[PDB]
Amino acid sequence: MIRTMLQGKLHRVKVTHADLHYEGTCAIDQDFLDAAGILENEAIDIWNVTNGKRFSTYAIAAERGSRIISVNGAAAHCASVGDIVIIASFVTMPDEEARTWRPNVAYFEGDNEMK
């Protein structure tokens, strides 16, 4: 059987931009994507610690070192600048592999400073 497993997680990043009108696509500092194993164009779940909203989208890379978490398009209805969110992706694999799988978790403090 095939299991759905946490691939990686950005833990407690702060939303830095949220534009309904002008922008549409969610964007995340490429360094953060790299640490969590999350890919450009991959499905992600965003869990908003500030307001409790939970939604699914995909992200593209923001510039390395920018520390950007940009939640745009329709998703701007779900997060505001300054909200603390958790961003996760999930992968599937057979049960035998899933039993030893290790996700990639990156922790943040302050203004999206990775620990």
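In case it trips you up, residue 1 is the first one in the sequence shown, and so on.
S.K.: When the Cα temperature factors in the entry are averaged, is it 73-81 or 36-44 that ends up higher?
M.R.: Higher mean C-alpha B-factor: 73-81.
S.K.: Mean CA B-factor: is it higher for 17-25 or for 93-101?
M.R.: Looking at the recorded C-alpha B-factors, 17-25 comes out higher on average.
S.K.: According to the PDB entry, is the CA B factor of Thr57 in the bottom, middle or top third of its chain, that is, lowest, middle or highest?
M.R.: It falls in the bottom third of the chain.
S.K.: Quick one: classify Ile68 as lowest, middle or highest third of the chain based on its Cα B-factor.
M.R.: As the PDB entry reports it, the C-alpha B-factor of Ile68 lands in the highest third of its chain.
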